[PDB]
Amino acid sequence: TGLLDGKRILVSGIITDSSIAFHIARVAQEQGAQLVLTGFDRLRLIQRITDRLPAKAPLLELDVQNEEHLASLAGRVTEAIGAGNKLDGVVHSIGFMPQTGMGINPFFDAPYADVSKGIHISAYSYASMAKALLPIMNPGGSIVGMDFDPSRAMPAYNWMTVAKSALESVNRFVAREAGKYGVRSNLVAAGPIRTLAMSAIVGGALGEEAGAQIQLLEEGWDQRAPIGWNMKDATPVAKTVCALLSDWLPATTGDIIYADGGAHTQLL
């Protein structure tokens, strides 16, 4: 009798055991969902990581920049979940920006080829994935993507911020298409989570000033959040994604749900 009982859900974006998508997948399985996973490039690694999930889940390769992967995706999913079965949920937990577009590298010095790759993977692919999967989604279904509130500029996030602004806009158009299928489309705007890469950035991977700025941001986030914010714990974010995958937010689409401790509602 889990929140997601009987639901078939595709989860993208796992690359380490600290990936937000790993925690989404775990909580969804704890709540009764049957998963299909998609992974990029390092499939041996991803299989070994996802062996630790509560239940077995087929892993499919998906490079969202690869037109062939996208064209075959729905057939490969149907194969994995069985003919006559469709998906009830899709989780997009995919993002990337070349180093030139983040950190201490000057904003103006990011070449457009780099920015374009970042926007391709982080924003356009939300539409790509919806295009591929809506034909095999059930009415009442739910597409969820991960967001980091880009309403205001900030240090170091630079062109990734721009990519998230694009993603929010893409989400509102995907909602128009998804609606034709009886499917919702929404983003979860999460507070900062210490994934491997984030600890790497805080450790100086993209410049000392960038690391210092991110630590300041994390500290301010917990301070502003009326219920606090634990950057080491993705479970509250995973639960929020599962809420959107469930039947309990049936009139919300094209929208953004903030799983950020309430920080964005407070100035100081």
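Don't overthink the numbering: it's just position in the shown sequence, from 1.
Between 158-166 and 82-90, which has the higher average C-alpha B-factor in the PDB entry? For C-alpha atoms only, the mean B-factor is higher in 82-90.
Give the stretch, out of 177-185 and 193-201, with the larger mean C-alpha temperature factor in the deposited entry. Mean B over CA atoms: larger for 193-201.
Among 140, 150, 118, 145, where is the Cα B factor highest in this entry? Comparing C-alpha B-factors across 140, 150, 118, 145, the maximum falls on 140.
Assigned third (lowest, middle, highest) for the C-alpha B factor of residue 38: Middle third, going by the recorded CA B-factors of the chain.
Taking the entry's C-alpha B-factors for this chain, is residue 218 in the lowest, middle or highest third? Tercile = highest for this residue's CA B-factor.
Of the three thirds of its chain by CA temperature factor, lowest, middle or highest, which one includes residue 66? It belongs to the highest third of the chain when residues are ordered by C-alpha B-factor.
For residue 102, does the deposited CA B-factor place it in the lowest, middle or highest third of the chain? Highest third of the chain for residue 102's C-alpha B-factor.
Comparing against every modelled residue in the chain, figure out the third that the C-alpha B-factor of residue 55 lands in (lowest, middle or highest). Highest third.
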